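# Commentary on secondary and tertiary structure
This is what each chain is made of:
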Amino acid sequence: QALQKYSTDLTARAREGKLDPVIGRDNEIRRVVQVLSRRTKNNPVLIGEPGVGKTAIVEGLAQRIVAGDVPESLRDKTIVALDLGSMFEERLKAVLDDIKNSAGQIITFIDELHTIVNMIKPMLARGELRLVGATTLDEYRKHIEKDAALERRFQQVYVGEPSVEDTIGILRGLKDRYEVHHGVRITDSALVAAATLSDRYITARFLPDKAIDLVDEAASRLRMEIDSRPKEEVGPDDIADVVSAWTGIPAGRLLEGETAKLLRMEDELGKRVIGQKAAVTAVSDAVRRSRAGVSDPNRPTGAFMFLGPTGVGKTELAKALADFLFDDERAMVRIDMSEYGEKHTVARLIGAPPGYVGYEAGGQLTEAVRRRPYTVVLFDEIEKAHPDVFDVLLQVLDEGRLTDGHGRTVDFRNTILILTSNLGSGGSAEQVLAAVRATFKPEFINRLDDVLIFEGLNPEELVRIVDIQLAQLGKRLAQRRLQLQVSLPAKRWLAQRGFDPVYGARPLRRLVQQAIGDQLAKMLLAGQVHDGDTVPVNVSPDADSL
Amino acid sequence: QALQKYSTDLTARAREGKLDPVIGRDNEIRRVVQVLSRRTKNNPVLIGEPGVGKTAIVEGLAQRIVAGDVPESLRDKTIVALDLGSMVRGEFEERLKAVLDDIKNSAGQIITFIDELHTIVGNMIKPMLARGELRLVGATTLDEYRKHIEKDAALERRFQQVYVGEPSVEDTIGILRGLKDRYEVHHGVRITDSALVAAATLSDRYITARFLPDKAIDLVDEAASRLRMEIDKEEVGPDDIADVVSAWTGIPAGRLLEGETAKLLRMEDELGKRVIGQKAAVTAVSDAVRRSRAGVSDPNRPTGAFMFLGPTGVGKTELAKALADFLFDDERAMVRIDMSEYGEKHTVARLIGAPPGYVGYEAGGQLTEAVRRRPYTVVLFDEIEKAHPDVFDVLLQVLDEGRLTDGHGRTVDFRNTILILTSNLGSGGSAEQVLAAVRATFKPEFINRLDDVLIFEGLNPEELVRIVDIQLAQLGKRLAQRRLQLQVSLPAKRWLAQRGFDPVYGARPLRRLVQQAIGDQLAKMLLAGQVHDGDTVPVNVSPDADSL
Amino acid sequence: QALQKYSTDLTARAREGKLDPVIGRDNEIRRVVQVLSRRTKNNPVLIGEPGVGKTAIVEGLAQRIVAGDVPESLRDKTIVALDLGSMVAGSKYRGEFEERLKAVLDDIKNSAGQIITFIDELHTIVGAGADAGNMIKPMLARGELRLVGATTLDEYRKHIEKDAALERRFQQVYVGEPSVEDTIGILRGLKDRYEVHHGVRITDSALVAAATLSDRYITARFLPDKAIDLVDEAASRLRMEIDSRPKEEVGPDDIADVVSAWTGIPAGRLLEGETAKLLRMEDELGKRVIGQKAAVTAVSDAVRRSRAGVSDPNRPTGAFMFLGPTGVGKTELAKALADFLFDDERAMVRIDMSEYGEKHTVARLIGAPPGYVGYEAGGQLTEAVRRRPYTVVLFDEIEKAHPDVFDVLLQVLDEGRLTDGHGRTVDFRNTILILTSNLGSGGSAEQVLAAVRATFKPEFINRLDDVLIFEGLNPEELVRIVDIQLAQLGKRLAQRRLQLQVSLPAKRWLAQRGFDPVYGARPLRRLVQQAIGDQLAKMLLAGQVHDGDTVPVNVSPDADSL
Ligand SMILES: Nc1ncnc2c1ncn2[C@@H]1O[C@H](COP(=O)(O)OP(=O)(O)OP(O)(O)=S)[C@@H](O)[C@H]1O
Ligand SMILES: Nc1ncnc2c1ncn2[C@@H]1O[C@H](COP(=O)(O)OP(=O)(O)OP(O)(O)=S)[C@@H](O)[C@H]1O
Ligand SMILES: Nc1ncnc2c1ncn2[C@@H]1O[C@H](COP(=O)(O)OP(=O)(O)OP(O)(O)=S)[C@@H](O)[C@H]1O
Ligand SMILES: Nc1ncnc2c1ncn2[C@@H]1O[C@H](COP(=O)(O)OP(=O)(O)OP(O)(O)=S)[C@@H](O)[C@H]1O
Ligand SMILES: Nc1ncnc2c1ncn2[C@@H]1O[C@H](COP(=O)(O)OP(=O)(O)O)[C@@H](O)[C@H]1O
Ligand SMILES: Nc1ncnc2c1ncn2[C@@H]1O[C@H](COP(=O)(O)OP(=O)(O)O)[C@@H](O)[C@H]1O
């Protein structure tokens, strides 16, 4: 009776009727009471993530106890809690004396007992206090997993997060508490919008609490825009607005200007990547079948690998892909699989486990994808890595998460995966087909999307490349204001001279440099071509004079 | 008695009987009390898997003590337990000093007991131990003990191992039927020997993660608690436990019954639910697998060594994928190893990997390292005709004695696997020259040890509708995220046949050919509009191609 | 009060008589004394493989000091048993172990030079750092403390010789293991302690037999304790047999009982029943091999000699190579032998020499040198033989491996020696090597005894024992062969309750078809299968046959039928 202050009550609140809204999970409450009425491995704990409603689980348990659906050994059982805000070791003895001397009738519920585990171990060894708790999977696995002394008295009970149809009524039961501060109307449309939008896209928090914070920030945004400079009720708009401002991944109804660009991706990308019709069709069909919600929910929103002959665009295409989605090139995650020539370099992209020298440094991939999980990762020269990182990527595909040294889990269900190589480089189709089937096991290539092949450059395809390179050189030497004047004969001359179909486009850059920049840099330092000038070029018998 | 707050007693509470009697395992107690009665290398250590009865044996010895039956040397000597999860950076050695000093000044032979001491061992107990005043009785698991007590120990010269592997079905049944009344008063429902034996056998067979003496008690107590809660049937029975096992694993209560008759009679269209046509082949293979597990064939032979060849794209692999699915409860079990690279004399060592210290050693062989683990697979062999006439010697050794040797030195076992040697021979002959070519190309005596050599019959120009129909029934699940139903029309569905067969690789493309077309041709409607989740999406056969 | 809670008094312990009476080893005690009595750098360190008594010498020195048998400047020195496990243990702060170590050193150097110190297993002296076990190094090289130590060879080399400037202040006393006679002396000295502990008696013949067996069968540990452990084990077993059970002393065969109760070796003095089985061997082995009377006698005589006590203790128990026509029963004779003296057909180590046609494939039964891929795994054969040191090695058809693998057996034989990757050695001294072949193939004994000579070498044929030649299958005895096969089949038909009623003409046609002169009885098991097992399988799953029916067979004009 001397515990009423250091610990609150759930028997008085039961009768006095005030209780947070509880719905569903009745099978879970039945499981809880069934495992409580056992002889061994009784008094379970709750496993999950922030935003399940496990306090709500035990609250519904208490409400059903006070209503009465219990077995014979549960005469209301007066379940209680032990306040962690009750924080020396002398008081705890008398605090636990009431629980011990009880008949197991004032059993307690230690909310978040993860870190409490000296004192309560022998006090539990006799089987007198239930010590029911509520923790998460990471804390179970790092705290109470290896100790065989306590895993004989704890039978975990897993819980299911997404419950959209009941989150509707949950919002119904909590909508009132937010219509008082925010003088706003969150319509049923807003309820079922918060319920059915942020689940697949904002998978960084969890539905029952991310949906509460979504409507909270939406009501705050509405009460904000109410003033002089920004609607009178939350609808299907401010919800999507808050969806956009979280973790960077855009997800709404439609931005009313993005539907056009997406229809025009193939054409828009053809001005930076040239040729590869099959490749552009396949890489375009891959993102449109995702932005619309057609793609599968447990998979990276894009994952394939291509290869072929050199100098064709295997990197330029991925770089243009990073360009057209983030508007800048630096927003791509790029790690080159060339340096991974030994086995033990797995911890370079994973981070060393607790207890070694480089411990707080974190990985190079998982740390860059944990925060801002929408960028595109480029695995340049995947063929070079030790055939053990391929086993990590095996887990990555078709599962969508990986663990690093510290024991946390990050998600990969909204990113794009690009891998490249040049296997064979001389086989037309069957040699390279058998080679890619033989170098990576058929159980890893099974999961992938289409493995693409680039075809190579041709004469008609090189004049446009020359035009692109010349426009680029203009952009470069525009800051000394020496805009170019080049003739179509010289254009075709370059496009013809640099053509050899074994190296691709790199000889064209080499020829452009050695042919123009040579003479241009020779003149620009001897004077007479000073700033604000336009130089012409003309095909000389062998060279091209200026 | 000064710091007895991290220590529990075993004889005091034995003077009350709050322990469980441990009938059975009376050899181990005699072995332990014999070891503990020596002069050097005393204080044994119990080595065995988890939840095997390690704590049960020491408690049984404690109870035999409190009764009094051992030699009077060990008589009148108590035991004290310890919990290490209460001690644990630092001050663990300080409390270790406290407890060791307590034991030391106790000035007697008060035996200790330290569970899973592989976390304790270090150099702080050996000067205490090589003097003869304390007696510690520890316990751990086999591989763990091999880790912490062999490399950094140098102490193994003063520890004696004791082995407790696992009880058997008949023994855990006696254990259960001994430990029944306690629960018949805890809950109190009723108990049946049928339920006990069913729990024992079903746990042993299907709960392949935990072990017997605690695994059985767990299931029994769970079923009893569920049937006490159900009163929200005053007995537990075999079904009353099979339901729990089904809820646990996922496999329903039906298949969790007799596994010979009701299984070998399911060799029916349950295969034909995944394969289409080829009922003759399915019947032949079913008879071969039925008669093979009868119990009269030699105990050293693959469970089947048949092969099937002919036209591709007819579902040659699909038969095997469905076969492994039905038998081993998984279709991700077959392992395909192409006989293409094996066209060179030297490369036959690729599927084994001969020497330790050469290029391919750690990777093992392609065949063995994928068989010694998961010895339930269904190995496939593409284009068996192109493999050099030296791997056939390996195959002979396989299907003449159910074992093989890798390079590491291990022995892989083949007495419960299934071989399947696909091919592509027989391009011109119907049934007359295909067998002659198979006889002439391969060694005509190697084929003798094989089973039926059936050839897959071609697909009826009508019987492509069934395969494409299973395909459509499948792809109907694809757009279940927006509940957009699909249309069917015999002109459209049969339009897939004559334009997707391409009779050099059967229906290889018949998945992509239709999926890309329909999916990516409707994928723009799925963003613009024109459909909602009740629309048949009527697709028609336009004058030339398949528009909507 | 400094070295009062971090140390005991070994001298006072010996004064209280609670130590064991060291016997012998006066050379090493004299060396330790004439080192400990030096002027500067007086610190001996007892070095030697583990188990040979590296501490016993220190207890001996303590006893000698207590008794007063030491030179003038060594009386009343009270050697101290220092320890560091209880100094570095409780300390979680900056500079706290240093205050304790300095207090101990100060308490030593305040008193006169009469606190001779003793740290056991001093390979635990280089740690404690984080400048520890290193401040203690000026005092060492000045003769302030004496610091008698004791460390194993391996730990010494691994932990100290990496710290050369510290190893200089030490002196090594190589404590080699004793021989059998000294071991008998020590055992006879210690007999009374165990005779008092266990209320039994121990015979001198038992002590001698222990000291002799513990040297010939347990070749992984060392003598002065490897022997004592057996005496203790047998005393304890006899005690347990006396108690708890409603001619009370250990004997010289209980020790053999122990040393056979582990390691599997049947070493003993032919207890009863065993002799009956050995005398009844040629016939008992005949029930599984019919014919070859010449060979069974040889192997039987080998086993008889080896277990009767007349055989060279350092050479294998036999190295037979028998060869002959195809399908005569060579591998089957070997398997029947292994089944005889083990009753476990899968407890022998057969290796198929048909695989080693390549040169480099020998590495599987040796290992790999240090610095290569598979090194810590070992060798297959060596690993299989290091445990179970009683198997029956076999070499299936050793004619394929090209003549280089013949240069490992060349010294496996005649010594029972083999050295794997790690540099270890294993003993084949109590195995039966057996290697078949197929030279000849029809030729007479003087046309195959030329094949052996022209294939192998003199250095090889000289190693192995008699080269048994196998006769051809007598056309008569195949009836008994078919009898054996039908018995094995009936044994396979035991989960059900079926029997057979095999008729004499059926058995005759069976022995008549499937014994072609070039391949012997090999095409008989497959014929039995395809003519009985499959016929019954088609006849059991489809009714018309049920368990219990004494199924008869017939001799129908066509292939055999029911
Ligand atoms: N289709 C193309 N469109 C635009 N630029 C291209 C194209 N093909 C090649 N290039 C240019 O040629 C060079 C090749 O770029 P990359 O894509 O990095 O080379 P690659 O095709 O990936 O071959 P490797 O294996 O990486 S050397 C770059 O300077 C590109 O700008
Ligand atoms: N022979 C036996 N007699 C009575 N009870 C037994 C017997 N064997 C097992 N048990 C019971 O089965 C349970 C086994 O659990 P433990 O004793 O913890 O197992 P263990 O041998 O300590 O190995 P771990 O640590 O559990 S993997 C005990 O609670 C016993 O009551
Ligand atoms: N000369 C001896 N006289 C009497 N007993 C001996 C003698 N040599 C060895 N022993 C006994 O043989 C055993 C050897 O044990 P120890 O010498 O203490 O072990 P150790 O020599 O320190 O080897 P390590 O490195 O500690 S495992 C003890 O039981 C000794 O009593
Ligand atoms: N005297 C015999 N007693 C029993 N079985 C025999 C006898 N002679 C031959 N056999 C049988 O003949 C068959 C072949 O015997 P194996 O010894 O295995 O052949 P093999 O001696 O190894 O000949 P190769 O050269 O290796 S093919 C087995 O089924 C034996 O049971
Ligand atoms: N099913 C539900 N319906 C309505 N409100 C709920 C429900 N579950 C929880 N709540 C309320 O929302 C909050 C959720 O937070 P909390 O339960 O602490 O999350 P967690 O379970 O991760 O600890 C609680 O304070 C509770 O009052
Ligand atoms: N009899 C069949 N039953 C079901 N699907 C079949 C059948 N024959 C072919 N298929 C289809 O063809 C696809 C590929 O055929 P597959 O067997 O992989 O090619 P191959 O026979 O050349 O190895 C299967 O995934 C399946 O969709």
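Residues numbered from 1 in each chain as written, not as in the entry; some residues may be left out. Chains lettered and ligands numbered in written order. Part of a larger assembly, values for the part shown. Heavy atoms only, no water. Residues with missing side-chain atoms left out of burial classes, pairs and counts.

Let us now look at the sheet that holds strand β1 (residues 80-81) of chain A. All names here are of chain A. Pairing is parallel in the open sheet, where three strands are placed in the order β1-β2-β3. The open sheet has two free edges, formed respectively by β1 and β3 (132-134), since each of these has just one partner strand. Alignment of β1 against strand β2 (residues 108-111), held across two bridges, turns out to be parallel. Each residue of the ladder has a partner; that of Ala81, found in β2, is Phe109. (Pairing = 2+ DSSP bridges. Helix = DSSP H or I, 4+ residues; strand = E, 2+ residues; numbered from the N terminus.)

Attention now goes to the site of ligand 2. For ligand 2, the set of nearby residues contains 17 residues, the closest of which are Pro50(B), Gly51(B), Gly53(B), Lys54(B) and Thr55(B). One finds residues of chains A and B in close proximity to ligand 2. With respect to ligand 2, the side chain of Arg152(A) contributes an N or O atom lying 2.5 Å from an oxygen atom. One of the backbone nitrogen or oxygen atoms of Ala56(B) is found 3.4 Å away from an oxygen atom of ligand 2. Broken down by secondary-structure element, the contributors of at least two residues to the shell around ligand 2 are α2 (54-67) and α9 (212-229) of chain B. A per-element tally of the shell around ligand 2 places α2(B) first, with three residues. Tallied by class, the residues present in the shell around ligand 2 amount to eight nonpolar, four polar and five charged. (Near = heavy atom within 4 Å. Polar contact = N/O pair within 3.5 Å; in protein donor to acceptor, adjacent residues only side chain to side chain. Nonpolar A, V, L, I, M, F, W, Y, C, P; charged D, E, K, R; others polar.)

Looking now at the side chain of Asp298(B). If you trace the backbone, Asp298(B) turns up in the loop between α12 (279-292) and β5 (305-306). One buried charged residue, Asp298(B), forms no salt bridge at all, with the nearest opposite charge on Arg301(B) at 5.4 Å. Those residues in contact with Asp298(B), other than ones at most four positions away along the chain, are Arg492(C) and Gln529(C). (Buried < 20%, exposed > 50% of the residue type's maximum accessible area, 1.4 Å probe, protein only. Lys, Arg positive; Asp, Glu negative; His and termini not counted. Salt bridge = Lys/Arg side-chain N within 4 Å of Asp/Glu carboxyl O. Contact = heavy atoms within 4.5 Å.)

Turning our eyes to something else, we now look at the packing of helix α8 (residues 193-206) of chain B against α9(B). Residue and element names in this part refer to chain B. Running from N to C, α8 and α9 cross one another at 120°; their axes reach a closest spacing of 9 Å. Compared by their axis directions, α8 and α9 come out oblique. For α8 against α9, the interelement crossing comes out right-handed. Mapping the contact onto sequence places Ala199, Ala200, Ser203 and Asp204 in α8 and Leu212, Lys215, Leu219 and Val220 in α9. Looking at side-chain class alone, the contact of α8 with α9 contains five nonpolar, one polar and two charged residues. (Axes fitted to C-alpha atoms, helices over the stretch in contact; angles between N-to-C directions. Parallel < 35°, antiparallel > 145°, perpendicular 65-115°, else oblique. Left-handed = near helix turned anticlockwise from the far one by under 90°.)

Our next topic: the sheet that holds strand β3 (residues 80-82) of chain C. Residue and element names in this part refer to chain C. Reading across from one edge, β1-β3-β4 is the order of the three strands in this open sheet, with mixed pairing throughout. Strands at the two margins of the open sheet, each flanked by one partner only, are β1 (7-9) and β4 (117-119). On average, adjacent strands in this sheet sit at an angle of 30° to one another, irrespective of strand direction. In this sheet, β3 lies alongside β1 in antiparallel orientation, the contact comprising three bridges. Across the sheet, the residue bridging to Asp9 is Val80, located in β3.

A word on the site of ligand 1. All names here are of chain A. Around ligand 1, 15 residues are found, and the nearest of them are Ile274, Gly313, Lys314, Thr315 and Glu316. Contacts to ligand 1 include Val312, whose backbone N or O atom sits 2.9 Å from a nitrogen atom. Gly313 is positioned such that a nitrogen or oxygen atom in its backbone is 2.5 Å from an oxygen atom of ligand 1. Against a free-state accessible area of 630 Å², the protein chains account for coverage of 87% of ligand 1. In terms of residue class, the shell around ligand 1 is built from five nonpolar, five polar and five charged. (Areas by Shrake-Rupley, 256 points an atom, 1.4 Å probe, with all protein chains shown as cover.)

Residues and elements named next belong to chain A. As recorded in UniProt, the feature "binding site: ATP 2" lies at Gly308, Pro309, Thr310, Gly311, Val312, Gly313, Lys314 and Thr315. Contacts of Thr310, omitting those with residues within four sequence positions, involve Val502, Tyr503 and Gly504. Relative to the assigned elements, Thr315 resides in the loop between β4 (302-307) and α14 (316-326). (UniProt positions renumbered as here; feature names shortened; annotations may be inferred.)

All names here are of chain A. A surface patch of nonpolar side chains, amounting to about 520 Å² of accessible area, comprises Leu84, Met87, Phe88, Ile116 and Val117. As for its position among the elements, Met87 is in the loop between β1 and α4 (89-101). Accessibility expressed as a relative area gives 70% for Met87, which makes it exposed. (Patch = residues over 30% accessible without salt bridge, like charges linked within 9 Å, V, L, I, M, F, W, Y side chains within 5 Å.)

Moving on to helix α11 (residues 254-261) of chain C. All names here are of chain C. What α11 keeps buried is the set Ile255, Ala256, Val258 and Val259. The buried residues of α11 occupy an angular sector of 155° when projected down its axis, which confines them to one face. Looking at the buried positions of α11, the neighbouring elements they touch are α9 (204-216) and α10 (223-242). (Arc of directions from axis to C-beta.)

If you check the backbone angles, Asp327(A) has positive phi at about 70° while not being a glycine. With respect to the helices and strands, the residue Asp327(A) is situated in the loop between α14 and β5 (333-336). Non-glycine residue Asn43(B) carries a positive phi angle of around 50°. Position of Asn43(B) relative to the elements: it lies in the loop between α1 (26-35) and β1 (44-47). Since its relative accessible area comes to 3%, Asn43(B) is described here as buried.

Attention now goes to the UniProt feature "binding site: ATP 1" in chain A. All names here are of chain A. The UniProt feature table records "binding site: ATP 1" at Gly48, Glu49, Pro50, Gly51, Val52, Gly53, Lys54 and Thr55. Looking at the element boundaries, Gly51 is found in the loop between α2 (26-36) and α3 (54-67). What makes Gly51 partly exposed here is its relative accessible area of 21%. Not counting residues within four places of it along the chain, the set of residues in contact with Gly51 comprises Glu161, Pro208 and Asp209. Tracing the chain through its elements places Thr55 in helix α3.

On to the interface of chain B and chain A. Each partner contributes to the interface: chain B provides 30 residues, whereas chain A provides 30 residues. Together chain B and chain A conceal approximately 2800 Å² of surface at their shared face, both sides included; 50% is due to carbon and sulfur atoms. The largest share of the area that chain B buries against chain A comes from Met229(B), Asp520(B) and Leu527(B), three residues that together contribute 17% of it. Our count for the contact surface shared by chain B and chain A stands at five salt bridges. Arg38(A) is the salt-bridge partner of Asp218(B), the closest N and O atoms lying 3.1 Å from each other. Put simply, chain B and chain A have seven residue pairs in polar contact between them. (Buried area = accessible area lost by both parts, 1.4 Å probe.)

Take the UniProt feature "binding site: ATP 2" in chain B next. Residues and elements named next belong to chain B. The feature "binding site: ATP 2", as given by UniProt, occupies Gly310, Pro311, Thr312, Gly313, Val314, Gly315, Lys316 and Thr317 in the numbering adopted here. Among the secondary structure elements, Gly310 is positioned in the loop between β5 and α13 (316-328). In this structure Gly310 comes out as buried when scored by relative accessible area, which is 5%. Beyond its immediate chain neighbours, meaning those up to four positions away, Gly310 contacts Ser423, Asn424, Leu425 and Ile455.

Let us now look at the arrangement of the chains. Taking contact number as the criterion, the leading pair out of two pairs of chains in contact is chains B and C. With respect to C-alpha atoms, chain A approaches chain C no nearer than 14 Å, and the pair has no contact.

Residues and elements named next belong to chain A. Counting buried positions over the six residues of β4 gives six, a clear majority of the element. Covered by surrounding structure in β4 are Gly302, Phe304 and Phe306 together with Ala303, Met305 and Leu307, the residues of both alternating faces. Relative to strand β9 (residues 416-420), β4 is paired through five bridges, and the arrangement is parallel. Among the inter-strand pairings, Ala303 is bridged to a residue of β9, identified as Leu417.

Turning our eyes to something else, we now look at the pairing of β9(A). Buried residues dominate β9(A), accounting for five of its five residues. Side-chain alternation along β9(A) places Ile416(A), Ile418(A) and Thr420(A) on one buried face and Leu417(A) and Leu419(A) on a second face that is also buried.

All names here are of chain A. The interhelical angle for the contact between helix α18 (residues 462-476) and helix α19 (residues 488-497), taken along N-to-C directions, is 115°, at an axis separation of 9 Å. Handedness of the α18/α19 crossing: right-handed. Contact residues: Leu462, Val463, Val466 and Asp467 in α18; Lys491, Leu494 and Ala495 in α19. When its residues are assigned to classes, the contact of α18 with α19 shows five nonpolar, no polar and two charged.

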